[PDB]
Amino acid sequence: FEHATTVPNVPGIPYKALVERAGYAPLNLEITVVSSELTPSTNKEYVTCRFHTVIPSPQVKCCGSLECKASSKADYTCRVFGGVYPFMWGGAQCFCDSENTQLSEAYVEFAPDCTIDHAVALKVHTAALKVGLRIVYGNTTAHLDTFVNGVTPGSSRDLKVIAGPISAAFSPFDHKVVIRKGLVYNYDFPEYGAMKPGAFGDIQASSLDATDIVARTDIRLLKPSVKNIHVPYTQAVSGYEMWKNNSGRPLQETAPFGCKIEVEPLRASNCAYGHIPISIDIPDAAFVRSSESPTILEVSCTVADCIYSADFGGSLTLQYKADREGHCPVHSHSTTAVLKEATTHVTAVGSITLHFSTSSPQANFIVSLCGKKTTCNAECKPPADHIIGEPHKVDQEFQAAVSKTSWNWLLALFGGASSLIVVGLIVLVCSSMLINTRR
Amino acid sequence: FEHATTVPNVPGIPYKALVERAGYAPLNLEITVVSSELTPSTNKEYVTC
Amino acid sequence: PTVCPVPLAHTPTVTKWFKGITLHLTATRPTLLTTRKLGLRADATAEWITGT
Numbered sequence: 001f002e003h004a005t006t007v008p009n010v011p012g013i014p015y016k017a018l019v020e021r022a023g024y025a026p027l028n029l030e031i032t033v034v035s036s037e038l039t040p041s042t043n044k045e046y047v048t049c050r051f052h053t054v055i056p057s058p059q060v061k062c063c064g065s066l067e068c069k070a071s072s073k074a075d076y077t078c079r080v081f082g083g084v085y086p087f088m089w090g091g092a093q094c095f096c097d098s099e100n101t102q103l104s105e106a107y108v109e110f111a112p113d114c115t116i117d118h119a120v121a122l123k124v125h126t127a128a129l130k131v132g133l134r135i136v137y138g139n140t141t142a143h144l145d146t147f148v149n150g151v152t153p154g155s156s157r158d159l160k161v162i163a164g165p166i167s168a169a170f171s172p173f174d175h176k177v178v179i180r181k182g183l184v185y186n187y188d189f190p191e192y193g194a195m196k197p198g199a200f201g202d203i204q205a206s207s208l209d210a211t212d213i214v215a216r217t218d219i220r221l222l223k224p225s226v227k228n229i230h231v232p233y234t235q236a237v238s239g240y241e242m243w244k245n246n247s248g249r250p251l252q253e254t255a256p257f258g259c260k261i262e263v264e265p266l267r268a269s270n271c272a273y274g275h276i277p278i279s280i281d282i283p284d285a286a287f288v289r290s291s292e293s294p295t296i297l298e299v300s301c302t303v304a305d306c307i308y309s310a311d312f313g314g315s316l317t318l319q320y321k322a323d324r325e326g327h328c329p330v331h332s333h334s335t336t337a338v339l340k341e342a343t344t345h346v347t348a349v350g351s352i353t354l355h356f357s358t359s360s361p362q363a364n365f366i367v368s369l370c371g372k373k374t375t376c377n378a379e380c381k382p383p384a385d386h387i388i389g390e391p392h393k394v395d396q397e398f399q400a401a402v403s404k405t406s407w408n409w410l411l412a413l414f415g416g417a418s419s420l421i422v423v424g425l426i427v428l429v430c431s432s433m434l435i436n437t438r439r
Numbered sequence: 001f002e003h004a005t006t007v008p009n010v011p012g013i014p015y016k017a018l019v020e021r022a023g024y025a026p027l028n029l030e031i032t033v034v035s036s037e038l039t040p041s042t043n044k045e046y047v048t049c
Numbered sequence: 266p267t268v269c270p271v272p273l274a275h276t277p278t279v280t281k282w283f284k285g286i287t288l289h290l291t292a293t294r295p296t297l298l299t300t301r302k303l304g305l306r307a308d309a310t311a312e313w314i315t316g317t
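These protein sequences, in sequence, are chains A, N and B.
Going by PDB author numbering, the first sequence runs without a break in its numbering and finishes at 439.
Going by PDB author numbering, the second sequence runs without a break in its numbering and finishes at 49.
Going by PDB author numbering, the third sequence runs without a break in its numbering and finishes at 317.
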C-alpha cells in the first residue's frame, strides 16, 4: 500500500498519522527525523596564511654593473642600486668607491607554521539535503538514510520510501566560504589571481606544498643608507592577520534555523526548516484485516484538565465497549493535537487514560480508536510556566487558535451587522412591494 | 511548579489545598503554621531602679 | 595538535518572563556569550562580559 504525507522537517519531534485502508483495519505510522545533513558541493580555490617574507642574501658586482632578472617567485621584487661600498666585519668589501652596484632581492613564501594555521577558500553550489529517518508501523521499526530530492528512494529490506522536495530550499552558506581550523565564515574572499595587499587572500596557492605561489604584498626595496651591509624594505602588513583580527563570529554561532555547521566535509546537520513530502510503500504483510482485529462497539470521550504547551500537559479518558481483546491504534484527526501513546490494549469493556498536547486554546478535536471517531470538547487554560527546554511539537494555526468564547463574541458582533443589513434590505423590498400593491 | 496560596495566619489550624498540574494528577498540600514569632527592632535607652 | 584545559564559567541564573529570559551572569574574567534565534533570522548577538 502506498501512502503520501507531509512530515515537518524538525529533528526529534515525532509525527503521527493513520492509514485507513478500506478493506483492512486502520494502521498507525509514526515518523521521526533522527538526523539531517545539508551538504553542498565545494571546490578549493586556494589557501592563505601568514607569509614569510624571505630575503635572499644580497650580491654586489664589486666594480661593475648588474641587471634585474625576471624570476617567477611569489611577489618577486628585485632592484639595483649604485655604489654602496659595504662593510661586513673587516672595514671593506670592494676596491671601487663608485660603480659598486648592489642587487636587492626579496620575495615571499609560506610560513613554516601554515600547515596548521591556514585558511581555505571555497565556493558553494546547490546543496542536497540528506535525512536519517526512523519510522515505525504497527510492530515494525525501520532506520533509513535517504536523499530529500523526490527521485532517490530509500529502502529497508522490504520498505520503500521517497521523500521531498523541500517546500522552501535554504542554505546557511553564502556563495563564498572560508574554513579556518574548522571554523566557518561567509566572507567574500577575492578571486584567485586578484590579490590585493593588506587584506585577506594577499598570498594564494593551490595547496600548501604547491610551488606556484602568487602574492601581491606591496613589498618595495629602498636604497641602503647606513655604511654597514643590509637590504632595507617596507611591506604591507599580512592581510591574513587583519582578517583574523576582524574575522567576526563563525557560522557555528550565526546560522539560522538552529542548524549545526560542521566540516570535513562542509555540512549543516540538525537543520530544522520546511516540510518534506514523503510517499511510502508500506508492505501489506504488516496490515491486519478488520475481520480479525477488534472493532469496538461504542466509545465515548471524557476530557480532564488540559493545557496548550509544548509538553504533554493534557489528559483524557476513552470509555470503550468492544468485542475482543486486542491492540487498537489510537489517533487524533486534528492538526492542533498530538497524543503520546500509539497502540493501546483494548479489552471487552473498560476505560483507557491517554495524554495529549495541543496548540489551540480549546480541545475541539476528533479521536479515533479502531476506526471509531468521537469528538472531544474541552477548554484548555494558558500555560503556567514561561519557558521550556523542549520544542513545540505542533504548529499554531489560525482557525483552531482562538477560544469559543472569543469566537462566539466575534461571530455575534459580525452577525449583528449582517442581520442588520439583511433586515434593512427586506424592509426596503417590502416597502417597495407595498407601494406597488397599494398604488 | 510554583503554587501561590493565601494561608490564614492561625496557629494549629491546617490549611489544605489541591495543586492540579494539567498533565499530572492532583496533589494534596497541607500547610500548618506550627509557630510564629513577631519580634520588633529594639534598642535599650536606659535602665532604672 | 593536542588537548588543552580551559575553564568553565559560573552557571548562569535564568529568570523567565513572558516571551523572554534574563540571564544573571558572573565571570571574573572576560567570558564570551553568544545567543542566536532558531528561526528565519538568526539575530545573532555576541558579547564579552566581565564582572557580574
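Cβ coordinates follow ideal geometry from the N, Cα and C atoms, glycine included.
Any C-beta of chain A sitting closer than 7 Å to the C-beta of residue i?
i                : result
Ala17 (chain N)  : no
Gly23 (chain N)  : yes
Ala292 (chain B) : no
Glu37 (chain N)  : no
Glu20 (chain N)  : yes
Compare the C-beta of residue i against all C-beta atoms of chain B and say whether one is closer than 7 Å.
i                : result
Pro256 (chain A) : yes
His275 (chain A) : no
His386 (chain A) : yes
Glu253 (chain A) : yes
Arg249 (chain A) : yes
Does residue i get closer than 7 Å to chain N when you measure Cβ to Cβ?
i                : result
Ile282 (chain A) : no
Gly313 (chain A) : yes
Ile352 (chain A) : no
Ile307 (chain A) : yes
Rounded to whole angstroms, how far is the Cβ of residue i from the Cβ of residue j, which I believe are closer than 8 Å?
i                : j                : result
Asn28 (chain A)  : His275 (chain A) : Not really, about 20 Å apart at Cβ, beyond 8 Å.
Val80 (chain A)  : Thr53 (chain A)  : Not really, about 20 Å apart at Cβ, beyond 8 Å.
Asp75 (chain A)  : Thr217 (chain A) : 5 Å
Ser206 (chain A) : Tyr46 (chain A)  : 6 Å
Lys130 (chain A) : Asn43 (chain A)  : Going by Cβ atoms, the distance from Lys130 (chain A) to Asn43 (chain A) rounds to 20 Å, so no, they are not a contact pair.
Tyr185 (chain A) : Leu251 (chain A) : 6 Å
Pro391 (chain A) : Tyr308 (chain A) : Going by Cβ atoms, the distance from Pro391 (chain A) to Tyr308 (chain A) rounds to 15 Å, so no, they are not a contact pair.
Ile352 (chain A) : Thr374 (chain A) : Contact flag wrong, Cβ pair sits at about 13 Å.
Do residue j and residue i have their beta-carbon atoms positioned less than 7 Å apart in this structure?
i                : j                : result
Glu30 (chain A)  : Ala342 (chain A) : yes
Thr293 (chain B) : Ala311 (chain B) : no
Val263 (chain A) : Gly132 (chain A) : no
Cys68 (chain A)  : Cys96 (chain A)  : no
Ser247 (chain A) : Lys260 (chain A) : no
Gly314 (chain A) : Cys301 (chain A) : no
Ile135 (chain A) : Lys393 (chain A) : no
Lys227 (chain A) : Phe51 (chain A)  : no
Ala322 (chain A) : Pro294 (chain A) : yes
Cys376 (chain A) : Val303 (chain A) : yes
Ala119 (chain A) : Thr146 (chain A) : no
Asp188 (chain A) : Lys176 (chain A) : yes
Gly239 (chain A) : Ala199 (chain A) : yes
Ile282 (chain A) : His333 (chain A) : no
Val178 (chain A) : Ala121 (chain A) : yes
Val338 (chain A) : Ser357 (chain A) : yes
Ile219 (chain A) : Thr48 (chain A)  : no
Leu297 (chain B) : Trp282 (chain B) : no
Using only the heavy atoms of the ligand PLP, determine whether one of them is closer than 6 Å to the beta carbon of residue i.
i               : result
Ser72 (chain A) : Ligands are entirely absent from the displayed structure, and the ligand PLP is therefore not among its contents.
task = Using a Cβ-Cβ cut-off of less than 7 Å, give me the residues of the stretch 371-386 of chain A that come near chain N, in sequence order.
result = Closer than 7 Å at the C-beta level to chain N, one finds no residue of the stretch 371-386 of chain A.
task = Note down, one range per segment and in chain order, each beta strand (DSSP E) of at least 3 residues found wholly within the stretch 114-189 of chain A.
result = 119-124, 128-137, 140-148, 153-156, 159-163, 176-180 and 183-185
message = Any C-beta of chain A within less than 7 Å: which residues of the stretch 274-301 of chain B qualify?
response = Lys281, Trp282, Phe283, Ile286, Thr299 and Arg301
inquiry  = Threshold first: 3 residues or longer. Then list the beta strand (DSSP E) segments lying entirely within the stretch 193-267 of chain A, N to C.
reply    = 260-262
request  = Give, in chain order, every residue of the stretch 330-358 of chain A whose Cβ lies closer than 7 Å to some Cβ of chain N.
outcome  = Going along the stretch 330-358 of chain A in chain order, one finds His355 with a Cβ nearer than 7 Å to chain N.
ask   = Considering only residues of the stretch 255-334 of chain A, which uninterrupted alpha helix (DSSP H) runs meet the minimum length of 4 residues and lie entirely inside it, listed in chain order?
value = none
Completely contained beta strand (DSSP E) runs for the stretch 45-96 of chain A, where each covers 3 or more residues = Runs found: 51-54 and 74-81.
query = Which whole runs of the alpha helix (DSSP H) in the stretch 325-388 of chain A are 4 residues long or more, in chain order?
reply = none
query = Which runs of the beta strand (DSSP E), 3 residues or longer, sit entirely within the stretch 4-30 of chain N?
reply = With a minimum length of 3 residues, the continuous beta strand (DSSP E) runs that stay inside the stretch 4-30 of chain N are 15-19.
query = What residues in the stretch 302-314 of chain B bring their beta carbon closer than 9 Å to a beta carbon of chain A?
reply = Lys302, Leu303, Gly304, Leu305, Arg306, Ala307, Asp308, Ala309 and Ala311
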